[PDB]
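Here the structure comes first, spelled out in structure tokens, and everything after it is commentary.
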Number of protein chains: 2
Amino acid sequence: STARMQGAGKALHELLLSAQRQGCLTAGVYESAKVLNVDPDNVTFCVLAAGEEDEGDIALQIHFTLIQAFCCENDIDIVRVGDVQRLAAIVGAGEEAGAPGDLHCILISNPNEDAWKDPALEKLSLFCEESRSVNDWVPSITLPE
Amino acid sequence: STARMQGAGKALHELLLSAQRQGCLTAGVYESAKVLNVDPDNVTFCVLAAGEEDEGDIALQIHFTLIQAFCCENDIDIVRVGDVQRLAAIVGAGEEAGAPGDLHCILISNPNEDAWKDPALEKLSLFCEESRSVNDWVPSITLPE
């Protein structure tokens, strides 16, 4: 895989960990929708995730369409991951109350109102900008195993 | 009911008819989500509708939360109606292919790229502005019978 792609997986991986450790990681569609309605101005990155077990989920795809429309109109960087388990493992760092019931959508906000100069976030911001240039608005990232 | 409220029902009723006649009325969540992703800049009004038959529909409420978050962040006037049948009758003007499968969400866009100086639209725009002042972001309108 490309250096850019490998760099994306690492950057997203790192971004997920730092965010959950800083308590600025929102998990699940329901919770993400609340945040987009309550405090959108502080959202800095969005990850949509689904797998073969989700194919045929109409409501979920509508959610992805709505979440994508929002992030794009608000200049929120958004990517997609297809390895839900790999994602569950990463996000599943703290004391899971069983297993993050829903990881189909993940939002990351900045702890402070001002910008969050996180290197991984800037790395992804450039990665998305590049995919956007070829009209790939919700590019997929392959998380490092 | 208040003059303002009665004026809202009439304005929304009129707005619905003019819009469907001008082919700038999008019906249903799926179609509305597509439009918000394809051409949001031309959406001028949003109506969410549901009834007792929808209580317990989780996916639908998430849709309402996402649609509301979008319209609000984009300054799209949004209201809600609880009389689905009354709404079906109004929207059901043309040759229905059975019955508008989904009227839970309705979008209205302006025929031209420029503003749409429709009197009913301006009437509702003021009605929403007033409800917004008392933090009522998705106010309900009672359609005239």
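None of the figures in this text is laboratory data; all of them are computed from the coordinates on show. Quick reminder, even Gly has a Cβ in these numbers, built from the backbone with ideal geometry, and neighbours come from all protein chains shown.
Can you go through B:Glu52, B:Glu73, B:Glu31 and tell me which one is more than 14 Å from chain A (Cβ to nearest Cβ), of a type in the set (D, E, K, R) and either more than 26 Å from B:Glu129 (Cβ to Cβ) or surrounded by fewer than 18 Cβ atoms within 10 Å (Cβ to Cβ) (or both)?
Matching residue, one of B:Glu52, B:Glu73, B:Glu31: B:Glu52.
Which one of these does A:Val91 not meet: (1) more than 19 Å from B:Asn74 (Cα to Cα); (2) over 12 Å from the mean Cα position of the chain (by Cα)?
(2)
Which of the residues belonging to the stretch B:24-57 are small (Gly, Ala, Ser), touching a residue at least 60 places away in the same chain (Cβ under 8 Å) and in a loop (DSSP other than H, G, I, E, B)?
Listed by number, the list holds a single entry, B:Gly28.
Condition (residue is among the charged types (D, E, K, R), touching a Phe, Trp or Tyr at 6+ places or on another chain (Cβ under 9 Å), surrounded by fewer than 16 Cβ atoms within 10 Å (Cβ to Cβ) and in contact (Cβ under 8 Å) with a residue 60 or more places away in the chain) applied to the stretch B:118-130: is it met by at least one residue?
no
Among the numbered criteria (1) within 11 Å of another protein chain (Cβ to nearest Cβ); (2) more than 24 Å from A:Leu126 (Cα to Cα); (3) assigned to a helix (DSSP H, G or I), which one does A:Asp102 miss?
Of everything listed in (1) within 11 Å of another protein chain (Cβ to nearest Cβ); (2) more than 24 Å from A:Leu126 (Cα to Cα); (3) assigned to a helix (DSSP H, G or I), A:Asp102 misses just condition (3).
For A:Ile62, state whether it is within 14 Å of chain B (Cβ to nearest Cβ) and within 14 Å of A:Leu121 (Cα to Cα).
Against the criterion (within 14 Å of chain B (Cβ to nearest Cβ) and within 14 Å of A:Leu121 (Cα to Cα)), A:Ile62 does not qualify.
Just one of the numbered conditions (1) under 14 Å from the mean Cα position of the chain (by Cα); (2) under 30 Å from B:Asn74 (Cα atoms) is not true of A:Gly23; which one?
Only one criterion is unmet by A:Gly23, namely (1).
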